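*Asks:* Coordinates only, no sequence provided:
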């Protein structure tokens, strides 16, 4: 849910996930055939925000086919607890949200590479084991 | 762990892992011969809850041999902090256990499945 | 990172990642030639903690070439909260850091272990087919 | 440690001839109670006197 | 409509005055009874041989 | 989230809803309890029986065969029967000593099977939802009125009951079509 | 969020917190099960949702649905998620009898071939349009106030709120469908 891809050619695109800061959003141009010519866009000279959930494009989309948008949260802490201060709800809320988000992209990343390897191994093992078991049992 | 398999031909089954909400439990019937024959059950139509650690099935077990139960934690908040309310330890405990559970499942589940298939062969 | 390699035959070694407890760090001795080889060392009789950033080998053999050091965080609540106690910043920090560390651990070892388990199952099917 | 003042309100449902209330504490902290009260709904079938 | 009244405790004994002048705690006859101070009417204890 | 319930039954929930009118909590089983749990069931059963015996499009069975005995020619009168009539004529049927009596012939001796229209009774847990809600509200009104008079618990149940009655009406009107123009045709 | 929608919200907890507001008490912050109020409120909310969903709406009525019998014994089950069962344009006789589909016209439960009907199923609370959610919450709050705690000023306002929401639900309903009365009547 944190990775989205759209066809290239339009001028306006949507954002379909939550984010804590505007610097956690990355935009990339993708060449499906040869994935060695990808380029990363930067805010201010390539794209501009319009509202909190939609952006615009200001560059030439020639030679590319897919536009990819994904989220990348940082690792540095946001709130700093110090003795003698006063406890407030907002600090706890932000602290919780950061960890939940990070775990989200971690799982979303790992499942992608895990699943095909897993079910390929499983299907091969099951097919082979059944073939061998019944084939040998019928003979004797 | 976060995955379990049981033989079919029974009426009741046990849940051993830990969860925070009853909508985080998934039940699936498994066919060893063909992976494509696997199908996912659905609450109310197929099974019902007796007590926090009991389920009763209501469908027939005709062409299946393995029953599989695993966990999938949600993504929405369970505890919300507002000023002027009473705060206890269980609140912090659950608010942290959610983030622990998500990462644990995401790291473990596929590898444990590899365990079971590989040593089954 | 989380995975490290060092050549064998050195009294002193260094760790390069943070941790929450000395029990989390796991060190094992590595030989590339034999996968069925590669035992794992233990505290006390095999190595001792000189400096929380240093490590030294008490006993070493001459049948291995590489040592393996990697992190493995547990899935238990380090901090405990009870009524009628005090709240400290250290608990609030470490409790959050735990899940974060788990994330990069899993991100690294999952895809790596996939190869060994998948091709082990495949090889087992392979010899099972003909014999 | 948290030590302060205030007021606490909770819910009590049932008939007045069957419910009961209790207080307990085995923590290393002091305790002090001042007052209490309740609210209810009444129904009668015959004037007194 | 309906009127009602109640009696709190039965601690007085018998009385032989006209009924208009009696109190609300005095009955008419009382045989083999014990008028305690905190449990109301009871039955007298037995005798051992 | 959601509200996946534990050990759901269609009778205990109705009893709990009836108890909620006064303002008491819920019970876990009906095997043991005080007078109230044993006071609500009678009213619920009576209201169910009374409502079910009004005639609806899914109750009335036009064709039904009753078969006499073989030893002594008579027909019994089971206690589950509610209405006995005839399709398109006048009828004279009644009960006399647990048997079927025909006033026209003044006899209780049938010889061949008869076809009539009758309405039977069903358990509470198989009626459509709207009927169940209507019955529960109707029972709750009486239960509140007879044992504990509160002026705020009333004045709301009537308003709810009117809407439920209406809803039952439009539900009933949609099962059948009832076109008057039928059975007419000519140049 | 101070400006935009708060992040990762929970609908059921918000509904419960709004329900408790009519009494005059602060939030609950966990939605636990030991507390007395939550258990009482949840049943009322569920009942109101089920009752409101079962009136028939343009986005809720599936005209053409297929039911099929199993193999061993020719019967069709009656799931507890069914609300209304009717026929498209003719009189129908359907009911439940011992957890099975019963046809009064033929007096049997021996369907042999797949049939087509028109039915209405139930949906989770969090997957409904906004105005319906607000209407349901207000209706549930009225009952909760009426039965468990009698306040004299919380009422006399919820009634106006309910009427105003009912109107809006109505013109929302009339807008999805066009309903032209002409409907293909043409000739020279």
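*Replies:* Perfect, thanks for sending it. Numbering: from 1, shown residues only, chains lettered A, B, ... in the order given.
*Asks:* What residues does chain E have near chain D?
*Replies:* For chain E, the residues in contact with chain D (C-beta under 8 Å from any C-beta of the partner chain) are E:1, E:2, E:3, E:4, E:5. Quick note: C-beta positions are derived from backbone N, CA and C, even for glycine.
*Asks:* so where does the residue nearest the centre of chain E fall, helix or strand?
*Replies:* Residue closest to the average C-alpha location in chain E (C-alpha atoms, centre = their mean): residue E:10, at 4.1 Å. Residue E:10 is part of no helix or strand, with elements assigned from DSSP states H and E.
*Asks:* again with residue D:33
*Replies:* Using DSSP H and E, no helix or strand contains residue D:33.
*Asks:* quick one, what contacts it?
*Replies:* Contact analysis of residue D:33 by C-beta atoms under 8 Å, 6 or more residues apart in numbering or on different chains lists residue D:23.
*Asks:* same question, residue F:31
*Replies:* Neighbour list for residue F:31: empty [criterion: C-beta under 8 Å, 6+ apart].
*Asks:* quick one: it is in a helix?
*Replies:* No - Residue F:31 is assigned coil when assessed by DSSP: H, G, I helix; E, B strand; the rest coil, not a helix.
*Asks:* how close does it get to residue C:82?
*Replies:* For residue F:31, the distance to residue C:82 equals 40 Å [C-beta to C-beta, to the nearest Å].
*Asks:* and residue 19, how many residues sit next to it?
*Replies:* Assuming you mean chain A. 16 (other C-beta atoms under 10 Å in any protein chain shown).
*Asks:* Can you look at chain D instead?
*Replies:* Residues within reach of residue D:19, counting by other C-beta under 10 Å, total 9.
*Asks:* Same question for the one 5 residues further on.
*Replies:* A count of neighbours around residue D:24, defined by other C-beta under 10 Å, yields 5.
*Asks:* Repeat that for residue A:110.
*Replies:* By other C-beta under 10 Å, the residues close to residue A:110 number 22.
*Asks:* how would you label it: helix, strand or coil?
*Replies:* From three-state DSSP, the assignment for residue A:110 is helix.
*Asks:* any idea how far the residue lying closest to residue A:71 once chain neighbours are set aside is from residue A:40?
*Replies:* Distance criterion C-beta to C-beta, 6 or more residues apart in numbering or on different chains; nearest residue to residue A:71, sequence neighbours excluded, is residue A:2 at 5.0 Å. Separation of residue A:2 from residue A:40 (C-beta to C-beta): 17 Å.
*Asks:* Now do the contacts for the residue of chain A found nearest chain G.
*Replies:* Nearest residue of chain A to chain G, counting by C-beta to the nearest C-beta: residue A:18, 5.0 Å away. Contacts for residue A:18 were tallied using C-beta under 8 Å, 6+ apart; they are A:101, G:7, G:8.
*Asks:* Would it be right to say that it lies in a helix?
*Replies:* No - counting by three-state DSSP, residue A:18 is not found in a helix; it is coil.
*Asks:* Residue G:82 versus that one, what's the distance?
*Replies:* In terms of C-beta to C-beta, residue A:18 sits 37 Å off from residue G:82.
*Asks:* repeat for residue F:22
*Replies:* Plainly put, residue F:22 is 33 Å away from residue G:82 if you go by C-beta to C-beta.
*Asks:* same deal with residue F:168?
*Replies:* Counting by C-beta to C-beta, the gap from residue F:168 to residue G:82 is 18 Å.
*Asks:* Name the helix or strand for residue A:28, please.
*Replies:* Assigned by DSSP H and E, residue A:28 falls within strand A:25-30.
*Asks:* Sheet partners, orientation included, of that strand?
*Replies:* strand A:39-40 (antiparallel), strand A:66-71 (antiparallel) (DSSP bridges).
*Asks:* where along chain E do the strands fall?
*Replies:* Taking DSSP state E to define them, one finds strands in chain E at E:34-35, E:41-42.
*Asks:* partner strands of the last one, parallel or antiparallel?
*Replies:* Looking at strand E:41-42 with DSSP bridges, its paired strands and their directions are strand E:34-35 (antiparallel).
*Asks:* For the partner strand, what is the distance to the chain centroid?
*Replies:* 9 Å (C-alpha atoms, centre = their mean, to the nearest Å).
*Asks:* List of residues touching it?
*Replies:* E:10, E:11, E:13, E:41, E:42, E:43, E:44, E:45.
*Asks:* can you check stretch F:112-121 too?
*Replies:* The contact list for stretch F:112-121 (C-beta under 8 Å, 6+ apart) reads F:49, F:52-53, F:55, F:59-68, F:75, F:80-87, F:91, F:93.
*Asks:* Pull up the distance across it, start to finish.
*Replies:* Start-to-end span of stretch F:112-121 (C-alpha to C-alpha, to the nearest Å) is 26 Å.
*Asks:* Can you mark which positions in the strand holding residue A:28 are buried?
*Replies:* A:25, A:27, A:29 (16 or more other C-beta atoms under 10 Å in any protein chain shown).
*Asks:* With stretch A:107-119 instead?
*Replies:* Buried residues in stretch A:107-119, counting neighbours by 16+ other C-beta under 10 Å, are found at A:107, A:109, A:110, A:114, A:117, A:118.
*Asks:* Quick check: the gap between the fifth one and chain F.
*Replies:* Taking C-beta to the nearest C-beta, to the nearest Å as the measure, residue A:117 and chain F are separated by 34 Å.
*Asks:* Report the separation between that residue and residue C:24.
*Replies:* Distance, residue A:117 to residue C:24, by C-beta to C-beta: 27 Å.
*Asks:* what do you get for the last one?
*Replies:* Taking C-beta to C-beta as the criterion, residue A:118 is separated from residue C:24 by 27 Å.
*Asks:* what sits up against stretch A:125-140?
*Replies:* Applying C-beta under 8 Å, 6+ apart, the external contacts of stretch A:125-140 come out as B:32-33, B:35, B:117-118, B:120-121, C:121-122, C:124-126, C:128-129.
*Asks:* Nearest to chain F, out of the contacts of residue A:18: which one, please.
*Replies:* For the contacts of residue A:18, the nearest to chain F is residue G:8 (12.9 Å; C-beta to the nearest C-beta).
*Asks:* Can you tell me the SS state at the closest residue to chain B within chain A?
*Replies:* As assessed by C-beta to the nearest C-beta, chain B sits closest to residue A:107 within chain A, at 3.3 Å. At residue A:107 the chain is in helix, as set by three-state DSSP.
*Asks:* Setting the sequence-adjacent residues aside, check what's closest to the residue of chain A found nearest chain E.
*Replies:* Closest to chain E within chain A is residue A:87: 53.9 Å, counting by C-beta to the nearest C-beta. Leaving aside its sequence neighbours, residue A:87 sits nearest to residue C:87 (C-beta to C-beta, 6+ apart; 7.8 Å).
*Asks:* Now do the phi/psi pair for the one you found.
*Replies:* Residue C:87 adopts backbone torsions of phi -110, psi 130, taken as degrees, to the nearest 10.
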